[PDB]
Amino acid sequence: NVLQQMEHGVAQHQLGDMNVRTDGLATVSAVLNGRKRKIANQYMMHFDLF
Amino acid sequence: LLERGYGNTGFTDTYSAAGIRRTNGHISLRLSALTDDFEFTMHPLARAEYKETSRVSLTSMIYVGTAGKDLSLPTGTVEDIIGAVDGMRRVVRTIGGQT
Amino acid sequence: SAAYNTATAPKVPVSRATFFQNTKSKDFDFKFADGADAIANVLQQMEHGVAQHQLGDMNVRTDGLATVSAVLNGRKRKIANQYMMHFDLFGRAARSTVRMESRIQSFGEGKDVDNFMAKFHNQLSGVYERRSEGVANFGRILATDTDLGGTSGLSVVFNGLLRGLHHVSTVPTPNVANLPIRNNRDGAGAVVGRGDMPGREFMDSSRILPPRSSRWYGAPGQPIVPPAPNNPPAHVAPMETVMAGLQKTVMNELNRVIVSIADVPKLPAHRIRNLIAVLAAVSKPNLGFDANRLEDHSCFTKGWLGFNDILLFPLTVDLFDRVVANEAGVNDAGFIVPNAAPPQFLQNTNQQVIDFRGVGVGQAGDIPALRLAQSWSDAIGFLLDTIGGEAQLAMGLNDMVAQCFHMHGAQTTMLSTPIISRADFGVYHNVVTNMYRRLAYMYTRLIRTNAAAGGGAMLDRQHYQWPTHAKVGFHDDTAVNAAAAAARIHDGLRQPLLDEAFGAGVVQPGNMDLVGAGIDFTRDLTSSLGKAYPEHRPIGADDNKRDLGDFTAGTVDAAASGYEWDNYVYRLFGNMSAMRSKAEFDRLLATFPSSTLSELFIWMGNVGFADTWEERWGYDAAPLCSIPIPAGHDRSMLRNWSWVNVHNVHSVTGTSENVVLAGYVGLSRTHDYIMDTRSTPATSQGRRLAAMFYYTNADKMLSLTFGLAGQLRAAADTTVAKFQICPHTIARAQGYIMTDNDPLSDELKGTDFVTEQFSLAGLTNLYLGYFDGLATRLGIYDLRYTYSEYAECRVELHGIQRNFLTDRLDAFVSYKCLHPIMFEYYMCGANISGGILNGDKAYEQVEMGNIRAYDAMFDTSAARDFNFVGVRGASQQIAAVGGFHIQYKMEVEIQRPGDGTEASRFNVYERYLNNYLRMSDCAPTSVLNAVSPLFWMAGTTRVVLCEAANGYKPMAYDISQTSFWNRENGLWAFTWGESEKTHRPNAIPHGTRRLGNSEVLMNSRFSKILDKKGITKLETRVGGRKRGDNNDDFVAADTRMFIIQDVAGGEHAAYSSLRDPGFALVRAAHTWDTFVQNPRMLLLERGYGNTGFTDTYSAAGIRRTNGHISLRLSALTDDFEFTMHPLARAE
Amino acid sequence: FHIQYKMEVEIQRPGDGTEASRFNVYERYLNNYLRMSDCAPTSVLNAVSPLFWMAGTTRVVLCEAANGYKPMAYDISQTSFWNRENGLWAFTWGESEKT
Amino acid sequence: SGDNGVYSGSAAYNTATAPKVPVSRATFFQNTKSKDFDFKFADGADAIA
Amino acid sequence: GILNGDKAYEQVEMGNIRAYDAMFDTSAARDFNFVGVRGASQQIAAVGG
Amino acid sequence: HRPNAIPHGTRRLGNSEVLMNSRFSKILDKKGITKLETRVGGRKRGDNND
Amino acid sequence: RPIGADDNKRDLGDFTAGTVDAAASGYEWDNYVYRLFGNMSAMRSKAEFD
């Protein structure tokens, strides 16, 4: 499974993000894209590096 | 910031059902600006596996109006356009031997 | 059914052919070439022996607004008629992006990495040093990782190589001023020494094609590294160092894109160095180009996000020695290479790095190899003959054309939309209000005249060159003493005019003594606005009164000064009654051609002028009279419609796009080479396609793609008409209620108008499915339907982001772009709506008793090609020939389902049904091309067209009399001429061909109508009083001017100021509806002067308008047919 | 309060190509409020609606007017007659514990 | 509810899908007729009956 | 999660019902809950402020 | 554009390139984003006097 | 962020103010908090400030 999962990750292009080089608040982002009205939103999860 | 409240309007604290109806525009209109057909096209740790599930198009242009005729094209208009395109005999069928 | 009907007689059955001309030749059948392969199709169209669009039918190389033309030849009276088709080259409305991902995956579950690493570093030992950490690192990547979906992402690379080819070819000249290259600006926008972007250089042959360590400094046989003052640049590293830096990035992608070349095509070495400059720049965002129009990006350059930098990886030494090969300096027979130039080497490299940079605008660099359209087509052939991408160039063409080609929509070019919906709201949102203020100001100032040698002393007479406004003026121009009570215009309309414009009396009528000497009209006929005036073109006492005359009133030789522009706009709107209110003024401006609105925006904004209008006219009030046009927008950009609404600019496909498809990395091609060097990736069909791109010019490629843009836009026009795609239909799919009538939306609020059984998910699959079915039948093979299915590619329709407030009244205008005749051009005579009227039938002489509407005489139930809105549109064009308007009421009976409220009728689409027709900008020459708005109505509503009460009324002005004077700018007013000696100035702005004898034969036929019904007369008569020289007395001035007419053509002295009978009406208490005009102005208004005529119905009116419709239409018509052809393929 | 209704007579002219004519009938009673009947001058329940006395052989379409809910002129509940021998009639009062 | 020409649409709970109340005459109007007894009209043979 | 715009559930009106959530019947749904409607209706109200 | 930032993401998805709620703030006037207005708000002390 | 005379009143100004360029000093921080809770009716008591 790890071999399969190593082909992916949170960081893609204009779809996901990773801010881990921080002073203690690493986040992982993801853009939710709307088809009917072209409304987009961004969601985060915050990790405690302390 | 800006505190919000009732001002020079006969509004009071009410119940949820009567207060949602009372604030009609500030909910129905905003929901149209805020909501959408939101969808996730990506997943970390997994790959999109496509499925053939009969993608749906709308069967008919639902016309409204109780009196009059609609603005649809005359029934022999697109038929004459297809016949003209067929005359040019350019229909593409293969891409490097592959259909 | 609760409605009482009235008995009536059967009506005359009519079909489309009764009213509209079939523009298909029955004598000349153009034949077509077979073929069902798409790669073969590219080869057939690219043969030098065929042409899709002739070079005289393409104004492609313009700063915006590329037009492509066609000619309709009448085969009976031999008169022609030119039709255009406008494309955009601005990036304001592109909305499509393309990106390529270099994602690599793992492969070969068991393949022993260490034994491939042995093959790699032994096979490549003759080029790269075998025992190095770069050959071991890059042989470690090839042994473990392959690329995900390679050689199918060559569509994107060929997409961007064609984008750059068109970018450098649709520009007026490939200069450094027209084609900037992005430099590296610091703070305050200064370059950083070479202007080359730091991490990824593309002005040097070192990031792409790094040197060889065997040829670098310090290698055995090569010189030692030079000292500090001339050391090699820091960013140049040998290839084996670059391979040591390849790695898999965070996005599972490779660091670079490896394009490994085994053997090289035998191009002249100077052409290898040029296409390498191109290959380095295609990776960068926007192709490495800068913003070259309106401080924005081009139509082709915008939306190119780029990919990782290509790495030219020579598997042999024949590309390393091909770049540095020198072929110039030899002029022997059998040895000379044409255009060959010596290599340009980056200094302090061991003659191993080629330098592409040249001088630029300031301190910025400029790669001259990027401004050559040959180097972008050379790079396409180079990649095909080295990498097999033949099947992906055919996809690259069709994807580039759909993404990078945009039309202008009916609102700009055919329909009479106001500036609110025609122009950009972020800039031109107060241009009608401020232009009304300017005119209201100038019309109420007494423009005094300088006294006799009295410094600062003025006379109350208004100056001669500024004719007095008939309604809100001060006095009679042709008066001995302007102080006489008899020669004083009633001041009943003056103050309310300024209150309407400014408000509550903040501006009052006064004096302007700033131009009392006179206007300096220019002799520069290119930039002259004074050439249009009848009074500036006098004729002799014996000369024909129809003569155009000679422009004999220029004074200076500079360009048109500011005051000359003020005079033209002063006289243009002087006689127009649409100054009673701002609401009526905006309706006037709605009927002006877009090519004239561009000249009003130059004036409204002071684009090129030395001094502003306020400085010229001494305006000192609080409200503003000008608008802030952006910095980038020039006079030449405004004339190319940089002011249009970015929502009226429709892509050729009716869809947008955002494609992200994983692409070429080159690990699969280089791995297969090390396994077996005796194969090729390029097939013999890809080597043939590669050969043609070597042997091609921009002209041949431009017509190939500007023909596809026409073909796809005609297939989208068919799909738009089929599915009624309009802003109302798209908004209904998004869940809104868009309707030009606000009370119609309040009544539709709670009903089942908006359903889940009508959404964008289905409306897009209908559009894409039906469009990509036509596109195949036309042999185009577009991938809109394919890319719609992909997870990361989004395909959406056109109006997903429209402004509901501004474009509300445009809700029912369908998205068809091209003229009803340009559809017949492309679709072999087929048509959707209806174009040119007919002369073969007497549909205007049919008369029936007690039928009140004209189009109620005709019965279209049995017609298969004709509709109830096709006769209403035909009648609107029939009446417009005579200069008349038929007001149609359109109505939606909305009864809420299940609600007991009264069934209500709502007048819909009253922006266009209430305003007069407009000379379309596609074909501005003949009236027959003025197309009715009823043909661009769509929507999901059932309407009831019916004649309005007394709907037959005269137009504001006769559009058959207005004509453009020249191709360069939009000088437009009433035109005359067309005598035995001269010709009428009727020109097509942005036209492609010069108007021939068959274009001036149309003007000649139209000017020789019975009773001079085809012309506007001119007469020479006193029309002012020039101040006598060396005194303060005004001697009468003899002026050539127009003659004001009626509906019926009568010419009475009471219709005119400058005549005693006609000025008597103005001196009394008059209104804005009085029929008194100043003939010294460039637009004349129509009316029922001294005739018994009133507003009748269409049927009775068309009978009353006997000669002006029947005779005019006979002179404007032949049996037109298309003897040209846009669809040419070789066998 | 008062609910305003409309009876609409529509005349079609499709063979003339001009707009149809819509006419209002019975407007004398649909535009004027209900009345305390003389048959029973005691309760509001006895005030009869004019729609029940609509007759005729013509084809009308009955539908409620837009924003037709408006208060009456005076509240007919409060009016009553003082005498059986004449027509004294005004706002009345007095139903107390003793009167 | 305009808000700049932005009219939303009731997608599933509109006037077409509204639950109407089944109504009879007796729902609105009073039946002034006793169920305890009936009034039999005088139906004889001749008018004097 | 987030709300929807597919339906006009904010336009549903009923007589004598005081609570907004009491307008809806979740009993047939095996998917949804009673705190789901109340939690949704708090997000519906928060849209309007 | 409206300043709709993501207070801990990167110079990426929403903070740089995508627009979040591009439609609520855009197409709505009386029931959308609050309005701004230029009028006399305060008094600035005149220079060289009181 | 002042605006023009005939600009779109629902615009975003260009931030004409600002005199120093070093860093937001203490007084500028105080002003931001001064205006943030300026017209909050939750300052009546500490409980509703919580």
# chains A, B, ... in the order shown; residues from 1 in each chain; ligands from 1

call {"tool": "residues_around", "arguments": {"residues": "residue B:41", "least_positions_apart": "5", "cutoff": "12 Å", "atoms": "only C-alpha atoms", "output": "PyMOL selection string"}}
result
(chain A and resi 12+14-16+30-35) or (chain B and resi 46-50) or (chain C and resi 789-794)

call {"tool": "write_last_selection", "arguments": {"atoms": "N, CA and C atoms", "output": "mmCIF file, in the first residue's frame"}}
result
data_model
loop_
_atom_site.group_PDB
_atom_site.id
_atom_site.type_symbol
_atom_site.label_atom_id
_atom_site.label_comp_id
_atom_site.auth_asym_id
_atom_site.auth_seq_id
_atom_site.Cartn_x
_atom_site.Cartn_y
_atom_site.Cartn_z
ATOM 1 N N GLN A 12 -0.807 19.186 -4.623
ATOM 2 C CA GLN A 12 -0.980 19.216 -6.067
ATOM 3 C C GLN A 12 -0.997 20.669 -6.532
ATOM 4 N N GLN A 14 -2.774 23.986 -7.831
ATOM 5 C CA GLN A 14 -4.015 24.728 -7.616
ATOM 6 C C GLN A 14 -5.154 23.840 -7.135
ATOM 7 N N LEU A 15 -4.819 22.774 -6.414
ATOM 8 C CA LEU A 15 -5.809 21.905 -5.789
ATOM 9 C C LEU A 15 -5.476 21.522 -4.360
ATOM 10 N N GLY A 16 -4.223 21.609 -3.938
ATOM 11 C CA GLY A 16 -3.828 21.251 -2.591
ATOM 12 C C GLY A 16 -2.523 21.937 -2.276
ATOM 13 N N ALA A 30 -6.814 22.524 0.768
ATOM 14 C CA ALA A 30 -7.509 21.885 -0.335
ATOM 15 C C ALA A 30 -8.583 22.832 -0.831
ATOM 16 N N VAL A 31 -8.668 22.994 -2.144
ATOM 17 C CA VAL A 31 -9.634 23.889 -2.762
ATOM 18 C C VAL A 31 -10.843 23.081 -3.200
ATOM 19 N N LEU A 32 -12.019 23.516 -2.777
ATOM 20 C CA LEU A 32 -13.281 22.960 -3.233
ATOM 21 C C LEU A 32 -13.796 23.846 -4.358
ATOM 22 N N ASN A 33 -13.994 23.260 -5.532
ATOM 23 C CA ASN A 33 -14.348 23.997 -6.735
ATOM 24 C C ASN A 33 -15.793 23.707 -7.100
ATOM 25 N N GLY A 34 -16.548 24.757 -7.401
ATOM 26 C CA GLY A 34 -17.937 24.622 -7.795
ATOM 27 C C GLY A 34 -18.080 24.635 -9.307
ATOM 28 N N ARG A 35 -18.980 23.796 -9.807
ATOM 29 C CA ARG A 35 -19.205 23.671 -11.238
ATOM 30 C C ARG A 35 -20.332 24.553 -11.745
ATOM 31 N N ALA B 46 -5.095 8.392 -3.071
ATOM 32 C CA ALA B 46 -5.912 7.583 -3.961
ATOM 33 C C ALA B 46 -6.012 8.256 -5.319
ATOM 34 N N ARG B 47 -6.338 7.451 -6.328
ATOM 35 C CA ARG B 47 -6.403 7.891 -7.714
ATOM 36 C C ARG B 47 -7.824 7.743 -8.241
ATOM 37 N N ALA B 48 -8.243 8.705 -9.062
ATOM 38 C CA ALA B 48 -9.592 8.712 -9.614
ATOM 39 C C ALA B 48 -9.769 7.560 -10.593
ATOM 40 N N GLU B 49 -10.746 6.701 -10.325
ATOM 41 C CA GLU B 49 -11.053 5.542 -11.154
ATOM 42 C C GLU B 49 -12.376 5.805 -11.861
ATOM 43 N N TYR B 50 -12.310 6.112 -13.154
ATOM 44 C CA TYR B 50 -13.492 6.549 -13.882
ATOM 45 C C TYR B 50 -14.491 5.415 -14.059
ATOM 46 N N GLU C 789 -14.748 15.134 -19.478
ATOM 47 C CA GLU C 789 -14.812 13.961 -18.620
ATOM 48 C C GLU C 789 -13.659 13.870 -17.635
ATOM 49 N N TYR C 790 -12.505 14.445 -17.959
ATOM 50 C CA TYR C 790 -11.328 14.296 -17.117
ATOM 51 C C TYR C 790 -11.557 14.943 -15.760
ATOM 52 N N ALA C 791 -10.927 14.370 -14.735
ATOM 53 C CA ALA C 791 -11.131 14.861 -13.378
ATOM 54 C C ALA C 791 -10.601 16.278 -13.206
ATOM 55 N N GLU C 792 -9.420 16.567 -13.749
ATOM 56 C CA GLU C 792 -8.762 17.840 -13.500
ATOM 57 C C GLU C 792 -9.012 18.885 -14.582
ATOM 58 N N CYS C 793 -9.741 18.548 -15.639
ATOM 59 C CA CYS C 793 -10.077 19.514 -16.675
ATOM 60 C C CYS C 793 -11.530 19.938 -16.540
ATOM 61 N N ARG C 794 -11.760 21.249 -16.544
ATOM 62 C CA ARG C 794 -13.099 21.810 -16.410
ATOM 63 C C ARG C 794 -13.468 22.527 -17.695
#

call {"tool": "interface_residues", "arguments": {"of": "chain A", "to": "chain G", "cutoff": "6 Å", "atoms": "only C-alpha atoms", "output": "JSON, numbers by chain"}}
result
{"A": [14, 39, 40, 41]}

call {"tool": "write_last_selection", "arguments": {"atoms": "N, CA and C atoms", "output": "PDB file, in the first residue's frame"}}
result
ATOM      1  N   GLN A  14      -2.774  23.986  -7.831  1.00  0.00           N
ATOM      2  CA  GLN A  14      -4.015  24.728  -7.616  1.00  0.00           C
ATOM      3  C   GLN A  14      -5.154  23.840  -7.135  1.00  0.00           C
ATOM      4  N   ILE A  39     -17.728  28.997  -8.060  1.00  0.00           N
ATOM      5  CA  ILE A  39     -17.419  29.430  -6.705  1.00  0.00           C
ATOM      6  C   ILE A  39     -16.416  28.447  -6.120  1.00  0.00           C
ATOM      7  N   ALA A  40     -15.321  28.964  -5.576  1.00  0.00           N
ATOM      8  CA  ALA A  40     -14.270  28.137  -5.007  1.00  0.00           C
ATOM      9  C   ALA A  40     -14.010  28.550  -3.571  1.00  0.00           C
ATOM     10  N   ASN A  41     -13.693  27.568  -2.732  1.00  0.00           N
ATOM     11  CA  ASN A  41     -13.379  27.792  -1.330  1.00  0.00           C
ATOM     12  C   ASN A  41     -12.171  26.949  -0.965  1.00  0.00           C
TER      13      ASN A  41
END

call {"tool": "interface_residues", "arguments": {"of": "chain B", "to": "chain A", "cutoff": "7 Å", "atoms": "only C-alpha atoms", "output": "compact mmCIF listing (two decimals) with N, CA and C atoms, in the first residue's frame"}}
result
# COMPACT_ATOMS: atom_id res chain seq x y z
N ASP B 36 -23.14 26.32 -4.28
CA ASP B 36 -22.72 25.93 -5.62
C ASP B 36 -22.87 24.42 -5.74
N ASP B 37 -22.36 23.86 -6.83
CA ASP B 37 -22.28 22.41 -7.02
C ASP B 37 -20.88 21.93 -6.65
N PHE B 38 -20.56 22.08 -5.37
CA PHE B 38 -19.21 21.82 -4.89
C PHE B 38 -18.86 20.35 -5.01
N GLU B 39 -17.61 20.08 -5.38
CA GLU B 39 -17.16 18.72 -5.68
C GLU B 39 -15.66 18.62 -5.47
N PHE B 40 -15.22 17.44 -5.02
CA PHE B 40 -13.81 17.16 -4.80
C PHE B 40 -13.30 16.30 -5.94
N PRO B 44 -5.81 12.88 -1.63
CA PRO B 44 -4.49 12.34 -1.29
C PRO B 44 -4.62 10.84 -1.03
N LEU B 45 -3.60 10.10 -1.45
CA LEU B 45 -3.46 8.66 -1.24
C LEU B 45 -4.33 7.81 -2.15
N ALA B 46 -5.09 8.39 -3.07
CA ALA B 46 -5.91 7.58 -3.96
C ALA B 46 -6.01 8.26 -5.32

call {"tool": "residues_around", "arguments": {"residues": "residue B:83", "least_positions_apart": "5", "cutoff": "10 Å", "atoms": "only C-alpha atoms", "output": "PDB file with N, CA and C atoms, in the first residue's frame"}}
result
ATOM      1  N   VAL B  78     -32.168  23.096 -38.997  1.00  0.00           N
ATOM      2  CA  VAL B  78     -30.957  22.337 -38.716  1.00  0.00           C
ATOM      3  C   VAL B  78     -30.833  21.132 -39.632  1.00  0.00           C
ATOM      4  N   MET B  88     -19.988  18.631 -47.925  1.00  0.00           N
ATOM      5  CA  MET B  88     -18.555  18.888 -47.888  1.00  0.00           C
ATOM      6  C   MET B  88     -17.741  17.617 -47.704  1.00  0.00           C
TER       7      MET B  88
ATOM      8  N   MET C 827     -21.167  27.690 -44.386  1.00  0.00           N
ATOM      9  CA  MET C 827     -22.022  26.512 -44.369  1.00  0.00           C
ATOM     10  C   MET C 827     -22.707  26.263 -45.706  1.00  0.00           C
ATOM     11  N   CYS C 828     -22.034  26.576 -46.810  1.00  0.00           N
ATOM     12  CA  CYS C 828     -22.502  26.251 -48.157  1.00  0.00           C
ATOM     13  C   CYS C 828     -23.934  26.723 -48.390  1.00  0.00           C
ATOM     14  N   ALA C 830     -26.292  27.438 -46.362  1.00  0.00           N
ATOM     15  CA  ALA C 830     -27.238  27.219 -45.282  1.00  0.00           C
ATOM     16  C   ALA C 830     -27.298  28.446 -44.385  1.00  0.00           C
TER      17      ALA C 830
END

call {"tool": "atom_distance", "arguments": {"atom1": "atom CA of residue A:49", "atom2": "atom CA of residue G:7"}}
result
17.3 Å

call {"tool": "interface_residues", "arguments": {"of": "chain E", "to": "chain G", "cutoff": "10 Å", "atoms": "only C-alpha atoms", "output": "PDB file with N, CA, C and O atoms, in the first residue's frame"}}
result
ATOM      1  N   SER E   1     -37.730  40.436  -4.607  1.00  0.00           N
ATOM      2  CA  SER E   1     -36.399  40.425  -4.010  1.00  0.00           C
ATOM      3  C   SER E   1     -35.333  40.562  -5.083  1.00  0.00           C
ATOM      4  O   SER E   1     -34.712  39.581  -5.482  1.00  0.00           O
ATOM      5  N   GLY E   2     -35.124  41.785  -5.549  1.00  0.00           N
ATOM      6  CA  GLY E   2     -34.191  42.004  -6.630  1.00  0.00           C
ATOM      7  C   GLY E   2     -32.737  41.825  -6.256  1.00  0.00           C
ATOM      8  O   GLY E   2     -32.107  40.851  -6.668  1.00  0.00           O
ATOM      9  N   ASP E   3     -32.203  42.744  -5.459  1.00  0.00           N
ATOM     10  CA  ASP E   3     -30.783  42.775  -5.121  1.00  0.00           C
ATOM     11  C   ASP E   3     -29.922  42.723  -6.387  1.00  0.00           C
ATOM     12  O   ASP E   3     -29.257  41.735  -6.686  1.00  0.00           O
ATOM     13  N   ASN E   4     -30.006  43.812  -7.155  1.00  0.00           N
ATOM     14  CA  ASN E   4     -29.196  44.007  -8.361  1.00  0.00           C
ATOM     15  C   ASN E   4     -29.586  43.033  -9.469  1.00  0.00           C
ATOM     16  O   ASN E   4     -28.726  42.469 -10.143  1.00  0.00           O
ATOM     17  N   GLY E   5     -30.883  42.833  -9.666  1.00  0.00           N
ATOM     18  CA  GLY E   5     -31.327  41.910 -10.692  1.00  0.00           C
ATOM     19  C   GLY E   5     -30.901  40.481 -10.454  1.00  0.00           C
ATOM     20  O   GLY E   5     -30.687  39.736 -11.413  1.00  0.00           O
ATOM     21  N   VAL E   6     -30.774  40.078  -9.193  1.00  0.00           N
ATOM     22  CA  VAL E   6     -30.430  38.707  -8.843  1.00  0.00           C
ATOM     23  C   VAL E   6     -31.647  38.061  -8.202  1.00  0.00           C
ATOM     24  O   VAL E   6     -31.869  38.191  -6.997  1.00  0.00           O
TER      25      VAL E   6
END

call {"tool": "atom_distance", "arguments": {"atom1": "atom CA of residue C:175", "atom2": "atom CA of residue C:155"}}
result
29.1 Å

call {"tool": "interface_residues", "arguments": {"of": "chain C", "to": "chain E", "cutoff": "7 Å", "atoms": "only C-alpha atoms", "output": "PyMOL selection string"}}
result
chain C and resi 735-737+745+749-752+754-756+804-805+808+897-899

call {"tool": "write_last_selection", "arguments": {"atoms": "N, CA and C atoms", "output": "PDB file, in the first residue's frame"}}
result
ATOM      1  N   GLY C 735     -29.804  28.520 -11.767  1.00  0.00           N
ATOM      2  CA  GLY C 735     -30.740  28.733 -10.694  1.00  0.00           C
ATOM      3  C   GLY C 735     -31.174  30.159 -10.462  1.00  0.00           C
ATOM      4  N   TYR C 736     -31.013  31.040 -11.438  1.00  0.00           N
ATOM      5  CA  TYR C 736     -31.449  32.421 -11.330  1.00  0.00           C
ATOM      6  C   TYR C 736     -32.620  32.676 -12.266  1.00  0.00           C
ATOM      7  N   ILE C 737     -33.226  33.839 -12.109  1.00  0.00           N
ATOM      8  CA  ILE C 737     -34.297  34.291 -12.986  1.00  0.00           C
ATOM      9  C   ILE C 737     -33.806  35.583 -13.626  1.00  0.00           C
ATOM     10  N   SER C 745     -39.762  39.004 -13.480  1.00  0.00           N
ATOM     11  CA  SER C 745     -39.012  38.179 -12.546  1.00  0.00           C
ATOM     12  C   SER C 745     -39.699  38.080 -11.194  1.00  0.00           C
ATOM     13  N   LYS C 749     -41.127  34.425  -9.515  1.00  0.00           N
ATOM     14  CA  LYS C 749     -40.308  34.141  -8.342  1.00  0.00           C
ATOM     15  C   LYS C 749     -40.630  32.775  -7.752  1.00  0.00           C
ATOM     16  N   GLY C 750     -41.849  32.591  -7.273  1.00  0.00           N
ATOM     17  CA  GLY C 750     -42.143  31.381  -6.540  1.00  0.00           C
ATOM     18  C   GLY C 750     -42.564  30.179  -7.345  1.00  0.00           C
ATOM     19  N   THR C 751     -42.595  30.267  -8.668  1.00  0.00           N
ATOM     20  CA  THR C 751     -43.138  29.192  -9.487  1.00  0.00           C
ATOM     21  C   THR C 751     -42.068  28.135  -9.732  1.00  0.00           C
ATOM     22  N   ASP C 752     -42.378  27.165 -10.592  1.00  0.00           N
ATOM     23  CA  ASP C 752     -41.443  26.110 -10.958  1.00  0.00           C
ATOM     24  C   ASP C 752     -40.624  26.466 -12.185  1.00  0.00           C
ATOM     25  N   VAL C 754     -37.520  27.653 -12.144  1.00  0.00           N
ATOM     26  CA  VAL C 754     -36.207  27.087 -11.871  1.00  0.00           C
ATOM     27  C   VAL C 754     -36.409  25.674 -11.351  1.00  0.00           C
ATOM     28  N   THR C 755     -35.870  24.701 -12.075  1.00  0.00           N
ATOM     29  CA  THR C 755     -36.064  23.295 -11.772  1.00  0.00           C
ATOM     30  C   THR C 755     -34.721  22.597 -11.666  1.00  0.00           C
ATOM     31  N   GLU C 756     -34.736  21.437 -11.022  1.00  0.00           N
ATOM     32  CA  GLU C 756     -33.586  20.548 -11.033  1.00  0.00           C
ATOM     33  C   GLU C 756     -33.522  19.724 -12.305  1.00  0.00           C
ATOM     34  N   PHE C 804     -25.233  40.775 -13.529  1.00  0.00           N
ATOM     35  CA  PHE C 804     -26.689  40.781 -13.570  1.00  0.00           C
ATOM     36  C   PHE C 804     -27.254  42.189 -13.643  1.00  0.00           C
ATOM     37  N   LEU C 805     -26.554  43.171 -13.085  1.00  0.00           N
ATOM     38  CA  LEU C 805     -27.098  44.522 -13.052  1.00  0.00           C
ATOM     39  C   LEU C 805     -26.952  45.225 -14.394  1.00  0.00           C
ATOM     40  N   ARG C 808     -28.641  43.076 -17.641  1.00  0.00           N
ATOM     41  CA  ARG C 808     -29.966  42.524 -17.386  1.00  0.00           C
ATOM     42  C   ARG C 808     -30.854  42.624 -18.612  1.00  0.00           C
ATOM     43  N   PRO C 897     -48.260  28.671 -11.784  1.00  0.00           N
ATOM     44  CA  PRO C 897     -48.933  27.367 -11.682  1.00  0.00           C
ATOM     45  C   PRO C 897     -49.443  27.121 -10.271  1.00  0.00           C
ATOM     46  N   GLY C 898     -50.750  26.960 -10.141  1.00  0.00           N
ATOM     47  CA  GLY C 898     -51.346  26.702  -8.853  1.00  0.00           C
ATOM     48  C   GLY C 898     -51.666  27.931  -8.039  1.00  0.00           C
ATOM     49  N   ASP C 899     -51.341  29.117  -8.536  1.00  0.00           N
ATOM     50  CA  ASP C 899     -51.642  30.368  -7.860  1.00  0.00           C
ATOM     51  C   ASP C 899     -52.825  31.044  -8.533  1.00  0.00           C
TER      52      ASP C 899
END

call {"tool": "closest_atom_pairs", "arguments": {"of": "stretch 779-840 of chain C", "to": "stretch 58-73 of chain B", "cutoff": "12 Å", "atoms": "only C-alpha atoms", "output": "Markdown table"}}
result
| residue | atom | partner | partner_atom | distance |
| --- | --- | --- | --- | --- |
| C:812 | CA | B:71 | CA | 10.8 |
| C:813 | CA | B:71 | CA | 11.8 |
| C:814 | CA | B:71 | CA | 10.9 |
| C:831 | CA | B:73 | CA | 11.2 |
| C:832 | CA | B:73 | CA | 7.9 |
| C:833 | CA | B:73 | CA | 8.5 |
| C:834 | CA | B:73 | CA | 11.8 |
